[PDB]
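Naming: A, B, ... by sequence-line order, numbering from 1 per chain.
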Amino acid sequence: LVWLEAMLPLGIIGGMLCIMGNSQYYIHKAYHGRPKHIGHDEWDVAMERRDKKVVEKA
Amino acid sequence: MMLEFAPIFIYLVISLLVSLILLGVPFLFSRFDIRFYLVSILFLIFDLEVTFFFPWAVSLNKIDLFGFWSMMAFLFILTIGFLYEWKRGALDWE
Amino acid sequence: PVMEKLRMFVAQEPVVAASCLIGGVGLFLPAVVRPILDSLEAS
Amino acid sequence: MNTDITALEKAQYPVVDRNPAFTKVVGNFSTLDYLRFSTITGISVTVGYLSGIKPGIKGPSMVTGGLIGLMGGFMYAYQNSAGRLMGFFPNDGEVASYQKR
Amino acid sequence: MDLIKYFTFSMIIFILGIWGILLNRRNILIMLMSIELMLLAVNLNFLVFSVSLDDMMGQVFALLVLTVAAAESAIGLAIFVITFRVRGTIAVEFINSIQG
Amino acid sequence: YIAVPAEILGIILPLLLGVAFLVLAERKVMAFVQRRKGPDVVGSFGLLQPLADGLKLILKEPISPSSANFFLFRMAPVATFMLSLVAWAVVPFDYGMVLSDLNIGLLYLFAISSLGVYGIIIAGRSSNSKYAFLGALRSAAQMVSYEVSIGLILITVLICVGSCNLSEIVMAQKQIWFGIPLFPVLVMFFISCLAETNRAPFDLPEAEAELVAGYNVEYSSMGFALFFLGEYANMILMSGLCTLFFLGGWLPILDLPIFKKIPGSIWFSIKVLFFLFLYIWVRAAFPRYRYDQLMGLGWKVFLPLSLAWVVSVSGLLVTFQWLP
Amino acid sequence: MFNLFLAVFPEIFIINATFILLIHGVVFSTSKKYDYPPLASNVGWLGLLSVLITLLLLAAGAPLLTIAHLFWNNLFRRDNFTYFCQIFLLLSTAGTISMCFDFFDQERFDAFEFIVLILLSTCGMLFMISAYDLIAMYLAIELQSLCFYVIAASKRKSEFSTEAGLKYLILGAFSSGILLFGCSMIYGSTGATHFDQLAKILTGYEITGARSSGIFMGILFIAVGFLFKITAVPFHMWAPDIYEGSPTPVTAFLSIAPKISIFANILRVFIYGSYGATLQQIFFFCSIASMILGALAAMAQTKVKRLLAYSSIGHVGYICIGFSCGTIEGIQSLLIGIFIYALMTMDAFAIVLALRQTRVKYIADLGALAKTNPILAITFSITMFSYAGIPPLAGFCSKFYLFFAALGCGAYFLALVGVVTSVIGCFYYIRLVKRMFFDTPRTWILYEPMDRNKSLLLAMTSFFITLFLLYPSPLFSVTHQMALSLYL
Amino acid sequence: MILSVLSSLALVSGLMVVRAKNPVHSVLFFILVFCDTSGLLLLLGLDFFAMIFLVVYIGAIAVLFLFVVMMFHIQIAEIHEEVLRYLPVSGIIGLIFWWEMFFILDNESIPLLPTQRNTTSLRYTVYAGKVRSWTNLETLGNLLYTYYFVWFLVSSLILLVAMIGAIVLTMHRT
Amino acid sequence: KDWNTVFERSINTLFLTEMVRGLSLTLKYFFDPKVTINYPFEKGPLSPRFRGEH
Amino acid sequence: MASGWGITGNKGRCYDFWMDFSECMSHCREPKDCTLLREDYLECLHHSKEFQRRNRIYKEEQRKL
């Protein structure tokens, strides 16, 4: 069972990677109010720019 | 959209800052080998081959058979070049 | 007698033989099989 | 891929077939076409043999010359046959076989 | 004023290539690099114009000129290597035998 | 954009910790294979050994030899370290968890790979030592040689996906992971990653005993540390690409509700950890090639196979109209 | 689908034959079993055969080269002008190859890649002739140029050959960059690279007060590149050094074929596009400079190869006078001048390659050649008098035009320059006849007799040179056809 | 402003390519000029060309230049010359080229002067083009291999010539 | 020699079959007990004949 | 913009003007008959006259201020 000692630095690396993903995911969501959308194209950009007017001017 | 490149720039600046902090904190307390030219040439040729493959791979669904066969002819010419290089011992480093 | 010359060529140089086979299937399919499928679709 | 066989200069002879298929042009090969094919191939084999004697590779040189001649002669024969079927070259025999079948 | 600014960027690179030819009469390697700077400036011209005109022909040609530039550099440096290997030096005084 | 630095730091700092602990895990797994214990005195189970080595390294006096290339000598490790860090901006850890959703992210990764050679070349030249220069030239040649195969394998994957977006590449593996039909491509990709990171059995810079002085022989203190950290960060990245391209990234092994209970970042981490174990397992298993042997392998074995696989995959997909 | 490619049958054949020869050469030159045989002559004979089969395919398929012209329109344009230009280019290449076998065997130049590069550059010039877009024009020009850079440095241990290749690469890449900058200006100003689109955009306006400076400078830079290619003064100084330093068969090839192909490009670009006066004044002033400088510099030379280089510079000046006038007779005379200069140069380089077996270098080496080989001294004297334009030799034809255009376009300073430079040329050409016939040197050089290929080529070209003015109808008719087919 | 920063960086880096004493430094400053060009291309929205300039110019061409220059060990004496005497000729040539070419577009492409009025409100958006937009990569790949495939193949012939000529000129087999 | 023996030789080359065996035996010692002595709490064995400090 | 291929995958901004000018020039034996269409195409390419007019407006605003 001594070989579990080796599994600790590997588990720490895996946790480091999980932090690198999740921490940046939750900060973007807090700043924008919704999760980051994969594949933001020209249409989505134009929809956001139009939605700004349709919301604020309402 | 090019909006997604701005985080890469800010990332570069931060990486630079980290590099300088790590590197700076300690400051506080005549023989030409032609085989390298030849490997450079080979790499350049196949670099251009990967470059011409990128648009082809994303466009295969529109160009269909004509595009496939024109790329095959391109590869055939460059592979004849590769066979020439092989037979001439440009791929041998002993 | 070009039948063991191919055998020796496979024995000496298996990577070249495998590359030729893999790429040859890649070329053979669109050249031969694909017009067969297109014709079978026409009828 | 959009295509268009239309030539700049119009065919001056009866157009038997505008865009004849590959196998149709090959099957249209005449006696003169085979004579051109054979002459080109034989000359090419001969040049390969004669130029191969000094380096000592007359046989391999013969095969190389024969391949060059085979490709060139087939291309020439195809050129003539397809031009006849398309009306670009005098095509008496093509028209005689067309008006009957 | 966007188009003029991109254009002058490329133009300054082209002029820098010309000056690099003018300023390196003892340094033939820098002359080859000046020619590569001119070629880069031309490629930029084609890409900028392609954008400005909404036309794709400038991008097709930019890619092909890339292939040509790579081939030119490979051959150019091969000739430089054989020139140096024959003479033992790159000094311009050893490549001036042909004249008149 | 004001919170962008928080995201960048939440990527960079844990990456530097993960690298510190990758060095430890490499020393532990190699030790256990060799019936030894490995670092277990400095901290409980040796878990403070990375901190101790880093602090030792920053407390070491810099040397800075009397060379005419003072600036380039210090800049080369910065260059390689920066290049190793900046590739992670486009790496997706889970659906939506990525800093930059580049539509050209595949070509961007290839470009960073291509830039990686300059740190080694410049370190070798600026050192004013013919041993360092020769070792550097050989390492640079090996890297560019295996970049050709890496790029042609990238083309195979791109043909299957039809998009350079890394998240799209992952999500195209929902039906099946690409490492199942393209298992030989995965094998050749893992080997080409070993040769690109200068790792065993291709680690020429490690072969000092073999009369081969590495490009970083003259470096000390933190410049030497930056070279080492860039190399190890590249190994985690190459394990992440093996995961993204062929093991379906953050996706679960089976599309079942029991497997979808654990999040995608855990799946991605576990696959990355499998590949990092294999990098160490190979170091522990085999001897190393000579330079000429691995160069022959690069040009005569992996270029032809990679090219043949591009042709075969594109032809098969075009024939049966299975293209994306 | 397959029948569309009937328009590219000659090119397909020559490219595939070049690949076959490359493979054959590299496979059997490395063979230990055949003791690494020199394959330069073997591949040379096979490549000469390939060129002749390409010529057969092209000439016997005249209407088929225009098939699918709309599908092929955005790639190239084949017509009667291109048909005849390509036939002449293939003939030049075949003659030049036939003149190389003695050089391969006796100097033991064993590299078969020489033949492969010559064939690839022939492909490039074939594509140059049919080019109908700035992009295609540049690509074909670059392919041809890269092949020449490599063959100019073929004697890779010789100081002269390495020096020639280095100057060629630098000056050639510089000129190509200038020309590419001109293409970018034209594209930016007109949004068009196709020759038809450029024709429509630019006709009817020329300099109409509000002239596009972008178009004008694109034209100027493209013109500078073309003038470098044809070795017109002041873009000429690469030519004498490269001509001397290159291996003599390379010098023979570079003297003929590239000029045919670049003049085809110049016609189809300028005569066909429409900026007008400035473009022709460019060529007028460069023609004058070329005639004067070529005559003086040739008069100063003591080596045969340099004399021939400067003579070619002078003659391109004479030819470009025809392009300057901008009429049907101007184009016809340009084509006639190109054809006659090419045949004469082929004669001269056949003789030079024959004398290179005993290492001819100086004009004085030809002393007492009328005793040691009287019929060779007569053949060479005929070539020199033809170069000088003495009637009734073929060289008079081109000289006759120079004065015909000078008195047609109303230019008497051009006429005076022509009279003075013709006299100077006559002097330095008859100096060789004096050396071979009138001198009595103390030490003689005995020359080895030439091989059959060069004797047959020399006999034919010499009969043409002496007897063309007796039956000149076919060339006149065909060049008139080409001049007309430029527009219709 | 940003274009001014990139232009200034490229101008200094280019001067350093043409004026550095050491050719290794010259090749390194050339890499900086190519990086700056990549930035300009990113501004124009051409991300494929921006990446390819990195991959080909820096990743492959500059590497070849660096390998050759480094192994040549050029001595500063063989290539040194004082350049003060060329200031007048550089001045005249550069000034002619400046006055004539930095202002070649001005008559044809007249700049729109920025006014103290919001002209952004007159940008007309057409949503039909935005339903399925094309990247630079697939827009180029739609043309390279079908409508303009002959030029593609001629470029392959150019590359073949480079490979042949490199072998023939420099190979000395052991 | 034979298409079947040629085939097996080629497959063994391409699929690194002998490199798998070296990996497998390397992993077997990963899980086994270690031989390291926890000095200075634990010591190595010595004999009554040991020649140490005079 | 005479080829038709736009940089975003649609018909080029100035292709229709080019085609109008070309179709006019294909049958009008005098180039002056198609001058208006030609300057329409070139105006599309460079927006010279539009920007000149807007600069006139801006200049008048600066003058009246």
Side-chain angles (χ1 to χ4, degrees), chain B residues 66 69-70 73, chain D residues 1-13 15 17-22 24-26 71-72 74-89 91, chain G residues 1-18 53-90 122-133 135-137 139-140 143 194-196 261 264-265 268 482 485, chain H residues 145-154 157:
Chain B
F66 200 101
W69 284 118
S70 63
Chain D
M1 250 232 82
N2 292 120
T3 60
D4 206 271
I5 203 63
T6 285
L8 179 54
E9 289 287 305
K10 302 318 307 223
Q12 255 159 36
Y13 302 93
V15 166
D17 182 355
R18 185 176 179 83
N19 200 328
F22 177 87
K24 182 182 179 153
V25 177
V26 180
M71 141 177 84
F74 179 81
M75 275 180 78
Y76 194 49
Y78 185 102
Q79 207 180 59
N80 277 269
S81 185
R84 289 200 308 277
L85 284 169
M86 291 161 163
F88 290 105
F89 304 133
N91 53 350
Chain G
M1 183 61 92
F2 184 88
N3 283 336
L4 309 167
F5 296 83
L6 277 180
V8 284
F9 256 28
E11 281 89 20
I12 286 173
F13 169 77
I14 189 153
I15 291 168
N16 270 328
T18 296
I53 292 173
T54 306
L55 191 284
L56 171 53
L57 279 172
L58 194 131
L64 303 179
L65 303 170
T66 60
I67 220 173
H69 71 303
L70 300 186
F71 169 87
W72 290 116
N73 169 64
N74 289 128
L75 292 325
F76 57 83
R77 186 65 83 52
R78 297 193 96 132
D79 50 58
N80 303 27
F81 177 78
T82 45
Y83 171 80
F84 287 125
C85 287
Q86 291 178 336
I87 282 168
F88 191 52
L89 158 75
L90 287 173
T122 295
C123 293
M125 288 186 267
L126 280 181
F127 281 115
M128 270 171 47
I129 287 156
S130 47
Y132 209 62
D133 177 318
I135 299 166
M137 186 200 52
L139 288 196
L143 170 54
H194 194 289
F195 286 1
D196 256 10
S261 59
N265 266 319
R268 293 188 113 201
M482 305 168 63
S485 309
Chain H
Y145 317 98
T146 41
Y147 303 97
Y148 298 94
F149 78 96
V150 162
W151 306 342
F152 180 51
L153 295 182
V154 173
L157 284 184

Using distance only, find each side-chain donor-acceptor pair of residues 9-18 of chain G under 3.5 Å and give its atom names and separation, not counting sequence neighbours.
residue: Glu11(G); atom: OE1; partner: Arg78(G); partner atom: NH1; Å: 2.5
residue: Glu11(G); atom: OE2; partner: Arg78(G); partner atom: NH1; Å: 3.3
residue: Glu11(G); atom: OE2; partner: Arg78(G); partner atom: NH2; Å: 3.1
residue: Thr18(G); atom: OG1; partner: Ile14(G); partner atom: O; Å: 2.9

With heavy-atom distances below 4.5 Å as the criterion, would you say the side chains of [X] and [Y] are in contact?
{"X": "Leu90(G)", "Y": "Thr122(G)", "answer": "yes"}
{"X": "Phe76(G)", "Y": "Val8(G)", "answer": "yes"}
{"X": "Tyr83(G)", "Y": "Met482(G)", "answer": "no"}

Look up atom [atom1] in [X] and atom [atom2] in [Y], then write down how far apart they are to the nearest 0.5 Å.
{"X": "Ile135(G)", "Y": "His194(G)", "atom1": "CD1", "atom2": "NE2", "result": "10.5 Å"}
{"X": "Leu153(H)", "Y": "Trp151(H)", "atom1": "CG", "atom2": "CH2", "result": "12.5 Å"}
{"X": "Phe89(D)", "Y": "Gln79(D)", "atom1": "CZ", "atom2": "CD", "result": "6.0 Å"}
{"X": "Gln86(G)", "Y": "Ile129(G)", "atom1": "CD", "atom2": "CD1", "result": "5.0 Å"}
{"X": "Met137(G)", "Y": "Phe127(G)", "atom1": "CE", "atom2": "CZ", "result": "16.0 Å"}
{"X": "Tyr147(H)", "Y": "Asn74(G)", "atom1": "OH", "atom2": "CG", "result": "10.5 Å"}

Minimum heavy-atom separation for [X] to [Y], with atom names?
{"X": "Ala264(G)", "Y": "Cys85(G)", "result": "CB-SG, 4.2 Å"}
{"X": "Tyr148(H)", "Y": "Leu75(G)", "result": "CA-CD1, 3.9 Å"}
{"X": "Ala11(D)", "Y": "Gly87(D)", "result": "CB-O, 3.3 Å"}
{"X": "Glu9(D)", "Y": "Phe88(D)", "result": "O-CE2, 3.4 Å"}
{"X": "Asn80(G)", "Y": "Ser485(G)", "result": "CB-OG, 3.6 Å"}
{"X": "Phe74(D)", "Y": "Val26(D)", "result": "CZ-CG2, 4.1 Å"}

Could you pull out all residues at least two apart from [X] that satisfy ring-ring contact (aromatic ring centres under 6.0 Å, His included)?
{"X": "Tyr13(D)", "answer": "none"}
{"X": "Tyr76(D)", "answer": "none"}
{"X": "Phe152(H)", "answer": "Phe52(B), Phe74(B), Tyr145(H)"}
{"X": "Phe88(G)", "answer": "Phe339(G)"}

Please output the side-chain donor-acceptor pairs of residues 54-70 of chain G that fall under 3.5 Å, not counting sequence neighbours, one pair per line with the distance.
residue: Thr54(G); atom: OG1; partner: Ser50(G); partner atom: O; Å: 2.8
residue: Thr66(G); atom: OG1; partner: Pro63(G); partner atom: O; Å: 2.8
residue: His69(G); atom: ND1; partner: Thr6(D); partner atom: O; Å: 2.8

**Request:** For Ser81(D), check side-chain hydrogen bond (donor to acceptor under 3.5 Å, both in side chains) against everything at least two apart and list the hits.
**Result:** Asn28(D)
**Contacts of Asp17(D) that satisfy side-chain hydrogen bond (donor to acceptor under 3.5 Å, both in side chains) - sequence neighbours left out** = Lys24(D)
Going by the rule salt bridge (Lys or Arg N to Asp or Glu O under 4.0 Å), which residues pair with [X] if we only count those two or more places apart in sequence or in a different chain?
{"X": "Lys10(D)", "answer": "none"}
{"X": "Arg268(G)", "answer": "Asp79(G)"}
{"X": "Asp196(G)", "answer": "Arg77(G)"}

**Message:** So, using side-chain contact (heavy atoms from CB on, under 4.5 Å) as the criterion, who are the partners of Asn3(G) when residues are at least two apart?
**Reply:** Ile5(D), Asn19(D), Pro20(D), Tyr78(D), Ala82(D), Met86(D), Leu6(G)
